[PDB]
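Each chain, written out:
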Amino acid sequence: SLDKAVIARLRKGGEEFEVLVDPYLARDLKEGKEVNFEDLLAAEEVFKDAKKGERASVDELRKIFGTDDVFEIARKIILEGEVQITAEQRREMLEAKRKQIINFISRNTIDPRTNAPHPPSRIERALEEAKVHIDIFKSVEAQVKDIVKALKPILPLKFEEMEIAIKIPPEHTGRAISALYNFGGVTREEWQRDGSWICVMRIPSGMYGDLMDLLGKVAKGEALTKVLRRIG
């Protein structure tokens, strides 16, 4: 457990405080995700020096932090202090967050020229071309508008959604409906008396081609669709 933990540290009131944490769950906490605090800490203790094992006293924690709750002090140390992740952990977390940003951009934007998504490897090249800084302690949603703005000089792209009305003939509902719910975005669904089924899919516009491919498979080319609206 403790070859795996890293130090998170904070100076407060002229004293140094440290906790020993799982670096991957500390990143999740800094990004804003819910975290199980029993897995996050390698020891339910606040240290003055985690390496020498010097523990902060209850009286000192009460004086400085106004509380003795180790979990709540650990949260403050991690959010306001520095997490000493290793260089290799930082590289691994950076590569993973970059991948998620690229995929999110690919799925949720379209090229205004061609009205189609760019491939992930096109977004990746543009990220490097633009020298985009990626923040491993922020969620995708928290940083993807800024990134997309930095990309627009070299790669035009725009966030857009579509609403698409769908009708599935009775013959194909068994396969089609389940597939559509799993794809996501089903709204205003309604069974019809003749066995057919209708809905309005609300999807990211860069998912349009995937949705049409899906309907070709699950409805054998028999589904009827109508583009209702594009939403910028």
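Residues numbered from 1 in each chain as written, not as in the entry; some residues may be left out. Heavy atoms only, no water.

What the entry reports as its method is X-ray crystallography, with 1.900 Å given for the resolution.

Engineer: Can you break down the packing of helix α6 (residues 120-130) against helix α7 (residues 140-151) residue by residue, with the values?
Structural biologist: Helix-helix packing is described using two parameters, namely the angle between the two axes and the distance between the axes. Relative to each other, α6 and α7 sit at 75 degrees, their axes nearing to 10 Å. Classified by the angle their axes make, α6 and α7 are roughly perpendicular. Taking contact as the criterion, the partners of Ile123, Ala126, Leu127 and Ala130 in α6 are, on α7, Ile147, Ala150 and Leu151. Its residues assigned to classes, the contact of α6 with α7 comprises seven nonpolar, no polar and no charged. (Axes fitted to C-alpha atoms, helices over the stretch in contact; angles between N-to-C directions. Helix = DSSP H or I, 4+ residues; strand = E, 2+ residues; numbered from the N terminus. Parallel < 35°, antiparallel > 145°, perpendicular 65-115°, else oblique. Contact = heavy atoms within 4.5 Å. Nonpolar A, V, L, I, M, F, W, Y, C, P; charged D, E, K, R; others polar.)

Engineer: Describe the pattern of salt bridges, with residues and values.
Structural biologist: Per the counting criterion, the structure on display carries 19 salt bridges. For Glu15, the salt bridge is made with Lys48, and the minimal N-O distance between the two is 3.0 Å. Placement of the pair is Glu15 in strand β2 (residues 15-21) and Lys48 in strand β3 (residues 47-49), with a sequence separation of 33 residues. Judged by its relative accessible area of 29%, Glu15 is partly exposed. Among the residues examined, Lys48 registers a relative accessible area of 16% and is labelled buried. The closest approach of N and O atoms between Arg229 and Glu163, which form a salt bridge, is 3.2 Å. Of this pair, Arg229 sits in strand β11 (residues 224-231) while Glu163 sits in strand β8 (residues 161-168), placing them 66 residues apart in sequence. Overall, the relative accessible area of 42% leaves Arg229 in the partly exposed class. Within this structure, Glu161, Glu163, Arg202 and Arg229 form a network of salt bridges that share partners. (Salt bridge = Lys/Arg side-chain N within 4 Å of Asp/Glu carboxyl O. Buried < 20%, exposed > 50% of the residue type's maximum accessible area, 1.4 Å probe, protein only.)

Engineer: I'd like a description of the UniProt feature "domain: Ribosome maturation protein SDO1/SBDS C-terminal" (unreviewed entry) in the chain, backed by residues and values.
Structural biologist: The sites that UniProt annotates as "domain: Ribosome maturation protein SDO1/SBDS C-terminal" (unreviewed entry) are residues 162-229. A distance of 6 Å separates the end C-alpha atoms of residues 162-229, which is 34% helix and 40% strand. (UniProt positions renumbered as here; feature names shortened; annotations may be inferred.)

Engineer: How would you sum up α7? Please name residues and give values.
Structural biologist: Compared with the 16 Å implied by 1.5 Å per residue over twelve residues, the 15 Å span of α7 between its first and last C-alpha is a close match. Residues of α7 that are buried include every one of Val140, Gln143, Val144, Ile147, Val148 and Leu151, and no others. All buried residues of α7 project into a common sector of 145 degrees when viewed along the axis, lining one side. Exposed and facing more than 90 degrees away from the buried side of α7 are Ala142, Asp146 and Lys149. In this structure, the buried side of α7 is in contact with α5 (87-108), α6 and β7 (158-159). N-capping of α7 is provided by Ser139, with a side-chain oxygen placed 3.0 Å from the backbone N of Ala142. (Expected span 1.5 Å × (residues − 1). Arc of directions from axis to C-beta. Polar contact = N/O pair within 3.5 Å; in protein donor to acceptor, adjacent residues only side chain to side chain.)

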